[PDB]
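Data first, discussion second: the structure below is written as structure tokens.
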Amino acid sequence: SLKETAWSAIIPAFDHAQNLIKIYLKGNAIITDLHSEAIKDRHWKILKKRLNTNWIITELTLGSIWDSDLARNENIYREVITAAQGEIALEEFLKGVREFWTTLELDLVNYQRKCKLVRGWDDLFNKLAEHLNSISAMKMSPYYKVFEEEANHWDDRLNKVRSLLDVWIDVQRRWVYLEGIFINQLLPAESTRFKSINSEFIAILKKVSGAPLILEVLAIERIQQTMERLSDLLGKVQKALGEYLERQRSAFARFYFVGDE
Amino acid sequence: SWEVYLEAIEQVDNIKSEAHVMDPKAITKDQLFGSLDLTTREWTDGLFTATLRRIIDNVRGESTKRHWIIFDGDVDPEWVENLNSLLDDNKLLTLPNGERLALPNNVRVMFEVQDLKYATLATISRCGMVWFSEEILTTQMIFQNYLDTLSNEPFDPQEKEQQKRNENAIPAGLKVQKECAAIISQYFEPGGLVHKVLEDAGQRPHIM
Amino acid sequence: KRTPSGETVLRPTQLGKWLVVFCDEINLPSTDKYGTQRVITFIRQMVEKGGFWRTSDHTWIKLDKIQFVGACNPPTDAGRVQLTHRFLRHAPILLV
């Protein structure tokens, strides 16, 4: 009857049967291993071929498995049991990267009724560095093959996010400083070059406030270019203001006795 | 002391005294003076900076009374160097947000401390100082204050409540307190038992 | 719980019960560079002054039915800090 029990079903001359049972008992280790969340379709497929068997997974009883010599073939079962257990350690890793990033919304904070900025920087980087590394290190695993297509997607996706954030924290910093200043009548030339930045920055920033999903903003029309474009500009502006203070100062030495703010 | 001087000077010039006491280190330095948000650059006040400002902005008649902002606790240069230019001669707290709040004439900043082991000449110099030696308060003045509270103050919060409404319109508890005040009163008097007992205890060793 | 007076008090969520905060190695809390065990000046504050300051909105909180009990090893043992005198003043001691 036991032989007759299918898979979702089972749960972990005289001397002939005596020993036969003796073996099944020994083997049993396998049946439990061969029943864990680790064993997927692929594994059963693998088991059908490495043992040259002509059976369909869909319907499988202990008899199916006990048919092949559990004792004589534990070896090939074991290889697989191990492979499967190995693969889920990775699969489970991907579950973490998957779950964390797929839903993650940028931590925004209000900025005096103008917009809202991105907070949580270093928190993002540590994760980007943890996952990134492990994604790399998980590429020298006897199991990497399987998942190696996703690994390559996250590796790209996540680097793009690391690059996106870097040029960002800069734009924001540079902006939060220069913003409070823009005197406009004093340095028109830059005041105007800043108005424009402050414009597409606020603009951009609203869209972020729309769908704050980091992976979603990452998909904004060439934002990596745009943010890099804005950072560059704010840089040429920041330098601009420095030289003006260097003149204001060299025009009234006593100004050297006061700070830039 | 300041409690007695505070409630008494309010009854001489007929002006409301008001003590704002805090433990300068029961909270962190940033919670005490305030800080700056590291993204929006917004300045948020500390408990001290807030209470000062509350006064400066006479929104609730602060101007009609004398204030005493008290730090009841340990002193170190770290939590004080943010108070120096307000205690020197410029009466000006200058926060990082650069707002710099002014010290009204109607305000006084005190400290109640046990020791100065970590204060510097620089942190003491710009401060008036009164020293209260344990010897002030006699063991006797303590016994006496005790015997008077026991015979005038009921243990029961319900009785003081039932004694106050009555005044504004001796429970059995207090009557028993008063009677005992009387039975033990003698062991407290000079050269007495409690006294003789205490003196001995103190000359013995204790775990703490 | 904001009281009628207009004052807010901290109290046990449990109806009709005093929370007892038993602190097992009370003398272990490390001091800062200036000999101050903050948890201890904090606890003195609650016991002596009646409460503490909420540093989020700057409101004085008056405990209702909350008390503390402490236990520890004598200060002679390694790691034990001699409790400030301002504290021990409110702390009756029983040696066991």
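Residue names in the structure tokens use chain letters A, B, ... in the order shown, residue numbers from 1 in each chain, and ligand numbers from 1 in the order shown.
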Run DSSP on the backbone and grab whatever in chain B lands in alpha helix (DSSP H); send it over as a PDB file with N, CA and C atoms, in the first residue's frame.
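The new file out23.pdb reads:
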```
ATOM      1  N   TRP B   2      16.464  78.249  46.915  1.00  0.00           N
ATOM      2  CA  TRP B   2      15.955  79.099  45.846  1.00  0.00           C
ATOM      3  C   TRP B   2      14.445  78.984  45.833  1.00  0.00           C
ATOM      4  N   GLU B   3      13.923  77.853  46.287  1.00  0.00           N
ATOM      5  CA  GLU B   3      12.474  77.706  46.332  1.00  0.00           C
ATOM      6  C   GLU B   3      11.899  78.700  47.336  1.00  0.00           C
ATOM      7  N   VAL B   4      12.595  78.855  48.459  1.00  0.00           N
ATOM      8  CA  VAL B   4      12.149  79.788  49.480  1.00  0.00           C
ATOM      9  C   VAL B   4      12.430  81.218  49.034  1.00  0.00           C
ATOM     10  N   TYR B   5      13.591  81.460  48.444  1.00  0.00           N
ATOM     11  CA  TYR B   5      13.885  82.806  47.980  1.00  0.00           C
ATOM     12  C   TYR B   5      13.022  83.167  46.774  1.00  0.00           C
ATOM     13  N   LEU B   6      12.611  82.158  46.026  1.00  0.00           N
ATOM     14  CA  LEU B   6      11.850  82.422  44.833  1.00  0.00           C
ATOM     15  C   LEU B   6      10.415  82.774  45.128  1.00  0.00           C
ATOM     16  N   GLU B   7       9.844  82.102  46.109  1.00  0.00           N
ATOM     17  CA  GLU B   7       8.463  82.343  46.470  1.00  0.00           C
ATOM     18  C   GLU B   7       8.339  83.558  47.387  1.00  0.00           C
ATOM     19  N   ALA B   8       9.455  84.010  47.967  1.00  0.00           N
ATOM     20  CA  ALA B   8       9.468  85.174  48.880  1.00  0.00           C
ATOM     21  C   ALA B   8       9.716  86.541  48.203  1.00  0.00           C
ATOM     22  N   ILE B   9      10.505  86.541  47.133  1.00  0.00           N
ATOM     23  CA  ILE B   9      10.804  87.765  46.404  1.00  0.00           C
ATOM     24  C   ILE B   9       9.592  88.052  45.499  1.00  0.00           C
ATOM     25  N   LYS B  29      22.850  66.437  24.757  1.00  0.00           N
ATOM     26  CA  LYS B  29      23.214  67.813  24.441  1.00  0.00           C
ATOM     27  C   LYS B  29      22.382  68.396  23.302  1.00  0.00           C
ATOM     28  N   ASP B  30      22.084  67.571  22.312  1.00  0.00           N
ATOM     29  CA  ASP B  30      21.305  68.054  21.192  1.00  0.00           C
ATOM     30  C   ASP B  30      19.850  68.297  21.562  1.00  0.00           C
ATOM     31  N   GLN B  31      19.327  67.491  22.482  1.00  0.00           N
ATOM     32  CA  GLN B  31      17.943  67.639  22.908  1.00  0.00           C
ATOM     33  C   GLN B  31      17.823  68.894  23.747  1.00  0.00           C
ATOM     34  N   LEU B  32      18.948  69.273  24.365  1.00  0.00           N
ATOM     35  CA  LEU B  32      19.048  70.444  25.248  1.00  0.00           C
ATOM     36  C   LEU B  32      19.240  71.788  24.519  1.00  0.00           C
ATOM     37  N   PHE B  33      20.057  71.798  23.478  1.00  0.00           N
ATOM     38  CA  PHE B  33      20.276  73.053  22.782  1.00  0.00           C
ATOM     39  C   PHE B  33      19.586  73.120  21.420  1.00  0.00           C
ATOM     40  N   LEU B  47      15.479  71.919  24.573  1.00  0.00           N
ATOM     41  CA  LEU B  47      14.548  72.245  25.653  1.00  0.00           C
ATOM     42  C   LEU B  47      14.906  73.594  26.258  1.00  0.00           C
ATOM     43  N   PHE B  48      16.208  73.859  26.385  1.00  0.00           N
ATOM     44  CA  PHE B  48      16.682  75.128  26.941  1.00  0.00           C
ATOM     45  C   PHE B  48      16.410  76.307  26.014  1.00  0.00           C
ATOM     46  N   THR B  49      16.824  76.156  24.758  1.00  0.00           N
ATOM     47  CA  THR B  49      16.633  77.185  23.752  1.00  0.00           C
ATOM     48  C   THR B  49      15.168  77.524  23.570  1.00  0.00           C
ATOM     49  N   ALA B  50      14.313  76.513  23.662  1.00  0.00           N
ATOM     50  CA  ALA B  50      12.882  76.715  23.517  1.00  0.00           C
ATOM     51  C   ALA B  50      12.364  77.569  24.678  1.00  0.00           C
ATOM     52  N   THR B  51      12.580  77.109  25.914  1.00  0.00           N
ATOM     53  CA  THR B  51      12.127  77.847  27.091  1.00  0.00           C
ATOM     54  C   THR B  51      12.646  79.298  27.122  1.00  0.00           C
ATOM     55  N   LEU B  52      13.856  79.534  26.623  1.00  0.00           N
ATOM     56  CA  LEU B  52      14.374  80.903  26.582  1.00  0.00           C
ATOM     57  C   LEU B  52      13.444  81.665  25.639  1.00  0.00           C
ATOM     58  N   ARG B  53      13.391  81.221  24.382  1.00  0.00           N
ATOM     59  CA  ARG B  53      12.542  81.831  23.351  1.00  0.00           C
ATOM     60  C   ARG B  53      11.097  82.063  23.836  1.00  0.00           C
ATOM     61  N   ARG B  54      10.519  81.074  24.512  1.00  0.00           N
ATOM     62  CA  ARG B  54       9.159  81.191  25.039  1.00  0.00           C
ATOM     63  C   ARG B  54       9.054  82.506  25.789  1.00  0.00           C
ATOM     64  N   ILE B  55      10.116  82.832  26.521  1.00  0.00           N
ATOM     65  CA  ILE B  55      10.145  84.063  27.286  1.00  0.00           C
ATOM     66  C   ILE B  55      10.287  85.274  26.354  1.00  0.00           C
ATOM     67  N   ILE B  56      11.355  85.302  25.567  1.00  0.00           N
ATOM     68  CA  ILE B  56      11.567  86.386  24.624  1.00  0.00           C
ATOM     69  C   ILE B  56      10.248  86.721  23.882  1.00  0.00           C
ATOM     70  N   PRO B  77      32.257  71.165  30.851  1.00  0.00           N
ATOM     71  CA  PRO B  77      32.497  72.217  29.852  1.00  0.00           C
ATOM     72  C   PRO B  77      31.744  72.009  28.548  1.00  0.00           C
ATOM     73  N   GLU B  78      31.609  70.745  28.155  1.00  0.00           N
ATOM     74  CA  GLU B  78      30.903  70.383  26.926  1.00  0.00           C
ATOM     75  C   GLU B  78      29.482  70.956  26.826  1.00  0.00           C
ATOM     76  N   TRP B  79      28.642  70.701  27.833  1.00  0.00           N
ATOM     77  CA  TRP B  79      27.265  71.201  27.773  1.00  0.00           C
ATOM     78  C   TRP B  79      27.091  72.641  28.203  1.00  0.00           C
ATOM     79  N   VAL B  80      28.194  73.291  28.558  1.00  0.00           N
ATOM     80  CA  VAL B  80      28.139  74.679  28.994  1.00  0.00           C
ATOM     81  C   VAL B  80      28.698  75.699  27.989  1.00  0.00           C
ATOM     82  N   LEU B 121      37.985  76.612  35.093  1.00  0.00           N
ATOM     83  CA  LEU B 121      38.032  78.006  35.514  1.00  0.00           C
ATOM     84  C   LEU B 121      37.248  78.852  34.521  1.00  0.00           C
ATOM     85  N   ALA B 122      37.328  78.471  33.246  1.00  0.00           N
ATOM     86  CA  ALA B 122      36.637  79.159  32.151  1.00  0.00           C
ATOM     87  C   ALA B 122      35.116  78.988  32.244  1.00  0.00           C
ATOM     88  N   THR B 123      34.675  77.852  32.790  1.00  0.00           N
ATOM     89  CA  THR B 123      33.241  77.577  32.925  1.00  0.00           C
ATOM     90  C   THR B 123      32.679  78.111  34.264  1.00  0.00           C
ATOM     91  N   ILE B 124      33.547  78.362  35.249  1.00  0.00           N
ATOM     92  CA  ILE B 124      33.127  78.911  36.556  1.00  0.00           C
ATOM     93  C   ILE B 124      33.237  80.448  36.576  1.00  0.00           C
ATOM     94  N   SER B 125      34.423  80.954  36.238  1.00  0.00           N
ATOM     95  CA  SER B 125      34.685  82.396  36.220  1.00  0.00           C
ATOM     96  C   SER B 125      33.460  83.287  35.934  1.00  0.00           C
ATOM     97  N   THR B 139      21.172  68.127  61.453  1.00  0.00           N
ATOM     98  CA  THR B 139      20.455  66.866  61.532  1.00  0.00           C
ATOM     99  C   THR B 139      19.140  67.129  62.263  1.00  0.00           C
ATOM    100  N   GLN B 140      19.195  68.068  63.203  1.00  0.00           N
ATOM    101  CA  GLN B 140      18.046  68.473  64.011  1.00  0.00           C
ATOM    102  C   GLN B 140      16.976  69.184  63.198  1.00  0.00           C
ATOM    103  N   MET B 141      17.406  70.094  62.325  1.00  0.00           N
ATOM    104  CA  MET B 141      16.473  70.838  61.482  1.00  0.00           C
ATOM    105  C   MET B 141      15.729  69.845  60.582  1.00  0.00           C
ATOM    106  N   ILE B 142      16.359  68.700  60.361  1.00  0.00           N
ATOM    107  CA  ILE B 142      15.805  67.664  59.523  1.00  0.00           C
ATOM    108  C   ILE B 142      14.790  66.862  60.327  1.00  0.00           C
ATOM    109  N   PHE B 143      15.150  66.505  61.556  1.00  0.00           N
ATOM    110  CA  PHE B 143      14.225  65.761  62.399  1.00  0.00           C
ATOM    111  C   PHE B 143      13.011  66.637  62.593  1.00  0.00           C
ATOM    112  N   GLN B 144      13.243  67.896  62.941  1.00  0.00           N
ATOM    113  CA  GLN B 144      12.138  68.809  63.170  1.00  0.00           C
ATOM    114  C   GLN B 144      11.232  68.962  61.963  1.00  0.00           C
ATOM    115  N   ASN B 145      11.821  69.069  60.782  1.00  0.00           N
ATOM    116  CA  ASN B 145      11.020  69.228  59.581  1.00  0.00           C
ATOM    117  C   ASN B 145      10.212  67.960  59.383  1.00  0.00           C
ATOM    118  N   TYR B 146      10.785  66.846  59.817  1.00  0.00           N
ATOM    119  CA  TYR B 146      10.116  65.568  59.688  1.00  0.00           C
ATOM    120  C   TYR B 146       8.865  65.509  60.565  1.00  0.00           C
ATOM    121  N   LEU B 147       9.067  65.680  61.870  1.00  0.00           N
ATOM    122  CA  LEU B 147       7.993  65.632  62.858  1.00  0.00           C
ATOM    123  C   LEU B 147       6.849  66.594  62.569  1.00  0.00           C
ATOM    124  N   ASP B 148       7.132  67.660  61.815  1.00  0.00           N
ATOM    125  CA  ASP B 148       6.099  68.642  61.473  1.00  0.00           C
ATOM    126  C   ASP B 148       5.321  68.256  60.223  1.00  0.00           C
ATOM    127  N   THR B 149       5.947  67.493  59.340  1.00  0.00           N
ATOM    128  CA  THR B 149       5.260  67.087  58.133  1.00  0.00           C
ATOM    129  C   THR B 149       4.350  65.895  58.431  1.00  0.00           C
ATOM    130  N   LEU B 150       4.816  65.033  59.334  1.00  0.00           N
ATOM    131  CA  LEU B 150       4.091  63.835  59.751  1.00  0.00           C
ATOM    132  C   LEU B 150       2.803  64.192  60.492  1.00  0.00           C
ATOM    133  N   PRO B 157      -3.451  60.540  49.880  1.00  0.00           N
ATOM    134  CA  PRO B 157      -3.665  61.627  48.925  1.00  0.00           C
ATOM    135  C   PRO B 157      -5.132  61.996  48.961  1.00  0.00           C
ATOM    136  N   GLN B 158      -5.972  61.036  49.357  1.00  0.00           N
ATOM    137  CA  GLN B 158      -7.409  61.291  49.468  1.00  0.00           C
ATOM    138  C   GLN B 158      -7.708  62.205  50.667  1.00  0.00           C
ATOM    139  N   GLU B 159      -6.939  62.070  51.749  1.00  0.00           N
ATOM    140  CA  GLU B 159      -7.157  62.920  52.918  1.00  0.00           C
ATOM    141  C   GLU B 159      -6.745  64.369  52.664  1.00  0.00           C
ATOM    142  N   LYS B 160      -5.575  64.597  52.072  1.00  0.00           N
ATOM    143  CA  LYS B 160      -5.171  65.978  51.809  1.00  0.00           C
ATOM    144  C   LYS B 160      -6.253  66.595  50.928  1.00  0.00           C
ATOM    145  N   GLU B 161      -6.814  65.784  50.027  1.00  0.00           N
ATOM    146  CA  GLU B 161      -7.878  66.249  49.138  1.00  0.00           C
ATOM    147  C   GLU B 161      -9.135  66.555  49.991  1.00  0.00           C
ATOM    148  N   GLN B 162      -9.443  65.656  50.931  1.00  0.00           N
ATOM    149  CA  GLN B 162     -10.593  65.804  51.841  1.00  0.00           C
ATOM    150  C   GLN B 162     -10.354  66.853  52.955  1.00  0.00           C
ATOM    151  N   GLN B 163      -9.139  67.402  53.003  1.00  0.00           N
ATOM    152  CA  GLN B 163      -8.741  68.400  53.996  1.00  0.00           C
ATOM    153  C   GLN B 163      -8.715  69.780  53.317  1.00  0.00           C
ATOM    154  N   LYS B 164      -8.340  69.797  52.035  1.00  0.00           N
ATOM    155  CA  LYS B 164      -8.271  71.021  51.226  1.00  0.00           C
ATOM    156  C   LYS B 164      -9.682  71.549  50.849  1.00  0.00           C
ATOM    157  N   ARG B 165     -10.563  70.661  50.375  1.00  0.00           N
ATOM    158  CA  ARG B 165     -11.925  71.069  50.022  1.00  0.00           C
ATOM    159  C   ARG B 165     -12.572  71.675  51.285  1.00  0.00           C
ATOM    160  N   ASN B 166     -12.408  70.978  52.411  1.00  0.00           N
ATOM    161  CA  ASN B 166     -12.933  71.422  53.707  1.00  0.00           C
ATOM    162  C   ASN B 166     -12.497  72.862  54.026  1.00  0.00           C
ATOM    163  N   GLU B 167     -11.199  73.135  53.861  1.00  0.00           N
ATOM    164  CA  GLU B 167     -10.649  74.465  54.108  1.00  0.00           C
ATOM    165  C   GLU B 167     -11.347  75.499  53.200  1.00  0.00           C
ATOM    166  N   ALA B 172      -9.183  60.849  59.987  1.00  0.00           N
ATOM    167  CA  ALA B 172      -8.736  59.848  60.943  1.00  0.00           C
ATOM    168  C   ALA B 172      -7.291  59.423  60.695  1.00  0.00           C
ATOM    169  N   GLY B 173      -6.865  59.424  59.436  1.00  0.00           N
ATOM    170  CA  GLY B 173      -5.498  59.026  59.147  1.00  0.00           C
ATOM    171  C   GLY B 173      -4.506  59.895  59.896  1.00  0.00           C
ATOM    172  N   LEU B 174      -4.548  61.184  59.573  1.00  0.00           N
ATOM    173  CA  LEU B 174      -3.666  62.170  60.163  1.00  0.00           C
ATOM    174  C   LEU B 174      -3.700  62.165  61.692  1.00  0.00           C
ATOM    175  N   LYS B 175      -4.887  62.032  62.276  1.00  0.00           N
ATOM    176  CA  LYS B 175      -5.012  62.025  63.728  1.00  0.00           C
ATOM    177  C   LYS B 175      -4.076  60.988  64.354  1.00  0.00           C
ATOM    178  N   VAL B 176      -3.896  59.871  63.661  1.00  0.00           N
ATOM    179  CA  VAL B 176      -3.014  58.793  64.117  1.00  0.00           C
ATOM    180  C   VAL B 176      -1.537  59.208  63.897  1.00  0.00           C
ATOM    181  N   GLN B 177      -1.310  59.987  62.845  1.00  0.00           N
ATOM    182  CA  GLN B 177       0.016  60.469  62.525  1.00  0.00           C
ATOM    183  C   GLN B 177       0.455  61.460  63.602  1.00  0.00           C
ATOM    184  N   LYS B 178      -0.486  62.323  63.990  1.00  0.00           N
ATOM    185  CA  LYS B 178      -0.260  63.357  65.001  1.00  0.00           C
ATOM    186  C   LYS B 178       0.057  62.723  66.334  1.00  0.00           C
ATOM    187  N   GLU B 179      -0.700  61.691  66.677  1.00  0.00           N
ATOM    188  CA  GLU B 179      -0.489  61.012  67.941  1.00  0.00           C
ATOM    189  C   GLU B 179       0.878  60.358  67.999  1.00  0.00           C
ATOM    190  N   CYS B 180       1.359  59.862  66.872  1.00  0.00           N
ATOM    191  CA  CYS B 180       2.666  59.230  66.876  1.00  0.00           C
ATOM    192  C   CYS B 180       3.763  60.283  66.883  1.00  0.00           C
ATOM    193  N   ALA B 181       3.465  61.421  66.263  1.00  0.00           N
ATOM    194  CA  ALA B 181       4.413  62.526  66.214  1.00  0.00           C
ATOM    195  C   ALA B 181       4.858  62.722  67.647  1.00  0.00           C
ATOM    196  N   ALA B 182       3.846  62.729  68.519  1.00  0.00           N
ATOM    197  CA  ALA B 182       3.982  62.913  69.962  1.00  0.00           C
ATOM    198  C   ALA B 182       4.683  61.772  70.721  1.00  0.00           C
ATOM    199  N   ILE B 183       4.421  60.528  70.339  1.00  0.00           N
ATOM    200  CA  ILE B 183       5.042  59.407  71.027  1.00  0.00           C
ATOM    201  C   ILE B 183       6.557  59.299  70.805  1.00  0.00           C
ATOM    202  N   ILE B 184       6.999  59.652  69.594  1.00  0.00           N
ATOM    203  CA  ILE B 184       8.415  59.564  69.185  1.00  0.00           C
ATOM    204  C   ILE B 184       9.219  60.862  69.234  1.00  0.00           C
ATOM    205  N   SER B 185       8.508  61.982  69.267  1.00  0.00           N
ATOM    206  CA  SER B 185       9.093  63.310  69.292  1.00  0.00           C
ATOM    207  C   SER B 185      10.338  63.444  70.183  1.00  0.00           C
ATOM    208  N   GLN B 186      10.323  62.785  71.336  1.00  0.00           N
ATOM    209  CA  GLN B 186      11.435  62.870  72.297  1.00  0.00           C
ATOM    210  C   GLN B 186      12.775  62.215  71.899  1.00  0.00           C
ATOM    211  N   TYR B 187      12.737  61.151  71.090  1.00  0.00           N
ATOM    212  CA  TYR B 187      13.960  60.462  70.670  1.00  0.00           C
ATOM    213  C   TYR B 187      14.735  61.261  69.623  1.00  0.00           C
ATOM    214  N   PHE B 188      14.080  62.301  69.114  1.00  0.00           N
ATOM    215  CA  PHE B 188      14.639  63.180  68.099  1.00  0.00           C
ATOM    216  C   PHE B 188      15.339  64.383  68.697  1.00  0.00           C
ATOM    217  N   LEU B 193      18.144  59.718  71.203  1.00  0.00           N
ATOM    218  CA  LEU B 193      18.377  58.377  70.685  1.00  0.00           C
ATOM    219  C   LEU B 193      18.697  58.357  69.200  1.00  0.00           C
ATOM    220  N   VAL B 194      17.736  58.779  68.378  1.00  0.00           N
ATOM    221  CA  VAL B 194      17.934  58.794  66.928  1.00  0.00           C
ATOM    222  C   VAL B 194      19.303  59.377  66.627  1.00  0.00           C
ATOM    223  N   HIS B 195      19.575  60.538  67.225  1.00  0.00           N
ATOM    224  CA  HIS B 195      20.842  61.264  67.086  1.00  0.00           C
ATOM    225  C   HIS B 195      22.034  60.355  67.419  1.00  0.00           C
ATOM    226  N   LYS B 196      22.023  59.830  68.646  1.00  0.00           N
ATOM    227  CA  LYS B 196      23.086  58.955  69.127  1.00  0.00           C
ATOM    228  C   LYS B 196      23.229  57.741  68.198  1.00  0.00           C
ATOM    229  N   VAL B 197      22.086  57.208  67.740  1.00  0.00           N
ATOM    230  CA  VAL B 197      22.030  56.056  66.817  1.00  0.00           C
ATOM    231  C   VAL B 197      22.623  56.408  65.452  1.00  0.00           C
ATOM    232  N   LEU B 198      22.212  57.542  64.899  1.00  0.00           N
ATOM    233  CA  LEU B 198      22.722  57.972  63.613  1.00  0.00           C
ATOM    234  C   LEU B 198      24.250  58.118  63.673  1.00  0.00           C
ATOM    235  N   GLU B 199      24.745  58.866  64.664  1.00  0.00           N
ATOM    236  CA  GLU B 199      26.188  59.103  64.820  1.00  0.00           C
ATOM    237  C   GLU B 199      27.009  57.803  64.764  1.00  0.00           C
ATOM    238  N   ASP B 200      26.497  56.764  65.420  1.00  0.00           N
ATOM    239  CA  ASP B 200      27.134  55.452  65.453  1.00  0.00           C
ATOM    240  C   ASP B 200      27.156  54.852  64.044  1.00  0.00           C
ATOM    241  N   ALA B 201      25.968  54.711  63.453  1.00  0.00           N
ATOM    242  CA  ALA B 201      25.817  54.151  62.111  1.00  0.00           C
ATOM    243  C   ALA B 201      26.864  54.700  61.137  1.00  0.00           C
ATOM    244  N   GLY B 202      26.924  56.030  61.025  1.00  0.00           N
ATOM    245  CA  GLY B 202      27.870  56.691  60.131  1.00  0.00           C
ATOM    246  C   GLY B 202      29.350  56.379  60.340  1.00  0.00           C
TER     247      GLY B 202
END
```
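Proximity to residue 38 in chain B at 12 Å, evaluated using only C-alpha atoms and with sequence-adjacent residues fewer than 6 positions away removed, yields residues 109, 111, 117, 118, 119, 120, 121, 169, 172, 173 and 176 of chain A; 44 of chain B.
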*Tell me, in Å to one decimal, how far CA of residue 92 in chain B is from CA of residue 116 in chain B.*
24.5 Å
With 10 Å as the cut-off and only C-alpha atoms counted, what is the closest atom pair between each nearby residue of chain C and chain B? Distances in Å to one decimal, ordered by chain and number, as a Markdown table.
```
| residue | atom | partner | partner_atom | distance |
| --- | --- | --- | --- | --- |
| C:33 | CA | B:76 | CA | 9.2 |
| C:34 | CA | B:118 | CA | 6.1 |
| C:35 | CA | B:118 | CA | 8.2 |
| C:36 | CA | B:74 | CA | 7.1 |
| C:37 | CA | B:26 | CA | 8.9 |
| C:38 | CA | B:26 | CA | 5.4 |
| C:39 | CA | B:26 | CA | 7.0 |
| C:40 | CA | B:26 | CA | 8.0 |
| C:41 | CA | B:26 | CA | 5.5 |
| C:42 | CA | B:26 | CA | 4.5 |
| C:43 | CA | B:26 | CA | 8.3 |
| C:44 | CA | B:26 | CA | 9.1 |
| C:45 | CA | B:23 | CA | 7.1 |
| C:46 | CA | B:26 | CA | 9.9 |
| C:49 | CA | B:21 | CA | 9.1 |
| C:52 | CA | B:22 | CA | 8.0 |
| C:53 | CA | B:22 | CA | 7.6 |
| C:54 | CA | B:47 | CA | 8.9 |
| C:55 | CA | B:31 | CA | 6.0 |
| C:56 | CA | B:31 | CA | 8.4 |
| C:57 | CA | B:47 | CA | 8.7 |
| C:58 | CA | B:47 | CA | 5.9 |
| C:59 | CA | B:47 | CA | 9.0 |
| C:60 | CA | B:22 | CA | 9.3 |
| C:73 | CA | B:207 | CA | 9.3 |
| C:74 | CA | B:207 | CA | 6.0 |
| C:75 | CA | B:208 | CA | 7.1 |
| C:76 | CA | B:207 | CA | 8.4 |
| C:82 | CA | B:208 | CA | 7.6 |
| C:83 | CA | B:208 | CA | 8.4 |
| C:84 | CA | B:114 | CA | 9.5 |
| C:85 | CA | B:114 | CA | 8.5 |
| C:86 | CA | B:114 | CA | 7.8 |
| C:88 | CA | B:208 | CA | 8.7 |
| C:93 | CA | B:208 | CA | 8.4 |
| C:94 | CA | B:207 | CA | 9.6 |
| C:95 | CA | B:207 | CA | 7.6 |
```
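Of note, CA of residue 105 in chain A and CA of residue 174 in chain A are spaced 23.0 Å apart.
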_chain B contacts to chain A at 10 Å (only C-alpha atoms) as an MDAnalysis selection string_ = chainID B and resid 38:42 98
Generate the output file for the selected residues, C-alpha atoms, as a short mmCIF file (atom, residue, chain, number, x, y, z; two decimals), in the first residue's frame.
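Saved file again-v5.cif follows:
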```
data_model
loop_
_atom_site.label_atom_id
_atom_site.label_comp_id
_atom_site.auth_asym_id
_atom_site.auth_seq_id
_atom_site.Cartn_x
_atom_site.Cartn_y
_atom_site.Cartn_z
CA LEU B 38 21.15 67.00 7.95
CA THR B 39 19.05 67.17 4.73
CA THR B 40 16.66 70.14 5.01
CA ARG B 41 19.01 72.24 7.13
CA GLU B 42 16.10 73.05 9.42
CA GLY B 98 22.81 81.79 13.73
#
```
*What is the CA of residue 171 in chain A-CA of residue 230 in chain A distance in Å, reported with one decimal?*
6.6 Å
_Near-residue 149 in chain A list (12 Å; only C-alpha atoms; drop same-chain fewer than 4 positions) as a ChimeraX atom specification_ = /A:94,135,139,144-145,153-156
